[PDB]
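What follows is one structure encoded as structure tokens, with my remarks underneath.
Computed from heavy atoms alone, side chains included, the values below leave out hydrogens, waters and symmetry copies. Atoms within each ligand, like the ligands themselves, are counted from 1 in listed order. Below, read A as the first sequence line, B as the second, and so on, with proteins coming before strands; counting in each chain starts at 1.
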Amino acid sequence: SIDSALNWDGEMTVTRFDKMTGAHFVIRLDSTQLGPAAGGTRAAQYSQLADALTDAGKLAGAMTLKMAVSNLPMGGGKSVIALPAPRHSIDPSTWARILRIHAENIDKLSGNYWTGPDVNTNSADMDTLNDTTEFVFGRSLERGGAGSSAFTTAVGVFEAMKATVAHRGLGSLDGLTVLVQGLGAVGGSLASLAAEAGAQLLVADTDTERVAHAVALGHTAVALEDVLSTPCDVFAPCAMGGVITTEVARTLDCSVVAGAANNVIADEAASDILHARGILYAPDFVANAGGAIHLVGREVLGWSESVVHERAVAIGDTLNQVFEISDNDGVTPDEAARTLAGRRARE
Amino acid sequence: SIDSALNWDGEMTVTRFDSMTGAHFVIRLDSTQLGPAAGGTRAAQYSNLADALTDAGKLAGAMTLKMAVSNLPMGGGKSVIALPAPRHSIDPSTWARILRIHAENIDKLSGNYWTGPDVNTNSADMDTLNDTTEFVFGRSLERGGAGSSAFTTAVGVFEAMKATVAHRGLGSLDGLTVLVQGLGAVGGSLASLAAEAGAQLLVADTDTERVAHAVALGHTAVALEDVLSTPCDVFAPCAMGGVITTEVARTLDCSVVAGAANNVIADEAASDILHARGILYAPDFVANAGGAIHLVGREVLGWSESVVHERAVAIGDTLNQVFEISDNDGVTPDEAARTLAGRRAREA
Ligand SMILES: NC(=O)c1ccc[n+]([C@@H]2O[C@H](COP(=O)([O-])OP(=O)(O)OC[C@H]3O[C@@H](n4cnc5c(N)ncnc54)[C@H](O)[C@@H]3O)[C@@H](O)[C@H]2O)c1
Ligand SMILES: NC(=O)c1ccc[n+]([C@@H]2O[C@H](COP(=O)([O-])OP(=O)(O)OC[C@H]3O[C@@H](n4cnc5c(N)ncnc54)[C@H](O)[C@@H]3O)[C@@H](O)[C@H]2O)c1
Ligand SMILES: O=C(O)[C@@H](O)Cc1ccccc1
Ligand SMILES: O=C(O)[C@@H](O)Cc1ccccc1
Ligand SMILES: [K+]
Ligand SMILES: [K+]
Ligand SMILES: [K+]
Ligand SMILES: [K+]
Ligand code: NA
């Protein structure tokens, strides 16, 4: 929206346009209160620049909250590269130039912003950024970074889901139906963990092959048009954000929402509807924090894989604290998590 | 539209919005090729944020060429603070917060951008910014800055003006009519320098007290509404930029255009029209470079006041070079100045 694009209250917006490639670059630093802003680089097509600015600010604000609630000593920021075509259609030379330009932008911020991988960006891309700028997390193990954080993200979402299911009074995942929307690196691992815990998995993915394989694995596919109308115990959004609009909130047929996607809730009204309908939502910025715990924990705090896994497991306890505030103060989980974030941040 | 203003080709755009004060902030770094970007902070009201961005971009690109052509080892940048209300209506607390936030933005750029005073900002404001960030030129002398660069700019414009009237075939300023639009810190000094050189001054300013003072000094007032229609030998825009639009360029009744205003020419066509009409224009980014020479020379290059003065006087020589390219190659002076900037940049 114009307001989210132009009247965003974050600390800083950085933009650049490269006529040659046709790409637009946006970096939004929401907060540097707890340390340098950090957040991944999302690369995607947007119908309008305002959309890219809007997304960047909402993602950057979620990162500030994620670091705060997760006890990580960093601020929140996010980069969005608005591509001139679908990522997959971008030629190598074009992609390379885009990364080079993005790295120059980050570099000018001189440590006030640290990037990482996100949608359509990977560790190889981090390595490429790193050929030009130091402020990059998520480089390959070979290049000095922590590599992939997907599994850690999946462990944390899985722990979140378990805590949420228990708090909702459903006991454990054994015997529950979990609908995973998105069979990516995180979604697929989450499906695996949940199935091992005894859940029956319903899966959806825009990639035919990904679905066919899950099915081959014993899971049941759900057609895209049926995702938001398929009954399940837990709805696990692991694909795009903004899934839960007011209308979706009103009609989702599940008891728990716990997934890996960022900015799951499209509006405040949606969150209140879920709450009113008895659908327990595990706040995205709390639930999917394993990625940030992995990268900041390992690269900034020097933690080993095992400690990072432990801390990701502790996302279940942070959620139990969130639900306790929610129940006590009578506010939605998202409000309670923001409250918890602020308390942990000593605000 | 934000959209089109976002289609700029410069190195970086920094923006911020402060709900509390309702101010918008823009820092545009056109280039960092020759050094960190540098340019003043202009504060004013804008109809739309897009205009502030557009303005910042044009001003930033002019700073790039200004440094290049003036042999200063810096890139070009510019800040624009889009005020929620008129400058004079802003309470001190609000102003103070606006400057604090601006300084925090500059600080994040960590030396890739250095600011200075410009429209509606002064040395005191520079000191204030400096309470938060190091990257500020133009601090008061007491705070370690070089103070006001207005007079140095005036000397440079005056030398530009002398070089231009001469090249135009009018002789010395003695006896010529010079119309100074804007009697501010620069314009007032230029009017005195010109008057001393024997010119007959016509002056205009929205500030009636300034006009009254000029009149007391023997100059002649021109009503604002008549500025662009007053015949003169030299038109010296020293107020706002964008005064010479295509339309004004066709009817301007003067032989020379030489002033202090940044971004004097509103459209490229206006540039072509003045050239075709035989009105010799001294490019803004060359002519008004005295302020930059003063700030960068004093604060970065370690030049004495005397050397700064000399460099500013040399703007006339720079112009002679510009006119020489324009004549030889058959291009407008603006184009010739850009060519010269590029050459100097490379040599340097
Ligand atoms: N990977 C991490 O460490 C991490 C950390 C935090 C948050 N997240 C979030 O988790 C989500 C997914 O992350 P990922 O790394 O696994 O991504 P991914 O690209 O590897 O996988 C996303 C998957 O979803 C599928 N998909 C896309 N749109 C879909 C739709 N409408 N319906 C169904 N499937 C669809 C894609 O084809 C793909 O298989 C994102 O929103 C991301 O921001 C990821
Ligand atoms: N001061 C420097 O060192 C410097 C250096 C380079 C470029 N410039 C440019 O030179 C111009 C003048 O700068 P300054 O420092 O003297 O500013 P200033 O604010 O001191 O003076 C501007 C003067 O113009 C008057 N004015 C405003 N609008 C007017 C209008 N529409 N018609 C007539 N008069 C009007 C103002 O009342 C004021 O007297 C600006 O465009 C500035 O960006 C200045
Ligand atoms: O939240 C995340 O998982 C992504 O923004 C990746 C990232 C995390 C932490 C720091 C930088 C980048
Ligand atoms: O051109 C000018 O005079 C102003 O932008 C002031 C300035 C010059 C150089 C560096 C910073 C600021
Ligand atoms: K740009
Ligand atoms: K990725
Ligand atoms: K169960
Ligand atoms: K000033
Ligand atoms: Na001021």
Side-chain angles (χ1 to χ4, degrees), chain A residues 39-44 78-79 81 87 115-127 129 136-140 145-154 161-162 164-178 182 184-189 194 197-200 232-234 238-240 255-256 260-262 288 291 294-295, chain B residues 39-44 78-79 81 87 115-127 129 136-140 145-154 182 184-189 238-240 260-262 288 291-292 294-295:
Chain A
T41 298
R42 156 159 317 186
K78 200 87 181 190
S79 295
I81 299 175
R87 174 67 199 85
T115 204
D118 203 83
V119 178
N120 295 320
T121 64
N122 62 29
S123 69
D125 296 328
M126 301 302 104
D127 291 348
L129 292 175
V136 185
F137 291 135
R139 292 175 300 171
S140 61
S148 175
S149 62
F151 184 64
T152 306
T153 298
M161 185 179 299
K162 290 195 289 173
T164 307
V165 156
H167 193 82
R168 183 52 179 72
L170 292 168
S172 73
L173 285 171
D174 181 41
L176 290 192
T177 282
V178 175
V186 175
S189 290
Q200 290 298 122
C232 57
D233 296 296
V234 178
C238 301
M240 55 276 141
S255 294
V256 166
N262 283 303
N288 71 24
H294 177 84
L295 295 177
Chain B
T41 296
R42 151 171 184 106
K78 202 84 170 205
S79 305
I81 298 174
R87 173 77 188 92
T115 203
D118 196 58
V119 167
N120 294 325
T121 68
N122 55 37
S123 290
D125 299 327
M126 295 306 98
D127 291 354
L129 285 182
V136 186
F137 291 131
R139 283 173 310 163
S140 64
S148 190
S149 69
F151 187 80
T152 307
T153 298
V186 181
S189 295
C238 296
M240 59 294 132
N262 276 325
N288 74 20
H294 169 78
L295 294 181

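Atom O is the N, O or S atom of B:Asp118 at the shortest distance from the K ion (ligand 8). Distances from the K ion (ligand 7) to each N, O or S atom of A:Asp174 single out O as the nearest.
Of the possible donor and acceptor atoms, one in the side chain of A:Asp233 sits under 3.5 Å from a partner among the backbone N and O of A:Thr177. Side-chain atoms of B:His294 do not come within 3.5 Å of backbone N or O of B:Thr153 as any donor-acceptor pair.
One of the N, O or S atoms belonging to A:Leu170 lies under 3.4 Å away from the K ion (ligand 7). The K ion (ligand 8) does not have B:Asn120 among its coordinating residues (no N/O/S atom, backbone or side chain, under 3.4 Å). Taking backbone and side chain together, A:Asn122 holds no N, O or S atom under 3.4 Å from the K ion (ligand 6).
Salt-bridge annotation for B:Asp118 and B:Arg42: absent, with no side-chain N of the basic residue lying under 4.0 Å from a carboxylate O of the acidic one.
Among all heavy-atom pairs drawn from A:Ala239 and A:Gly182, the shortest one is CB-CA, 4.0 Å.
Separation of atoms OG1 (A:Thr41) and CG (A:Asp125) is listed at 9.0 Å; rounding is to 0.5 Å.
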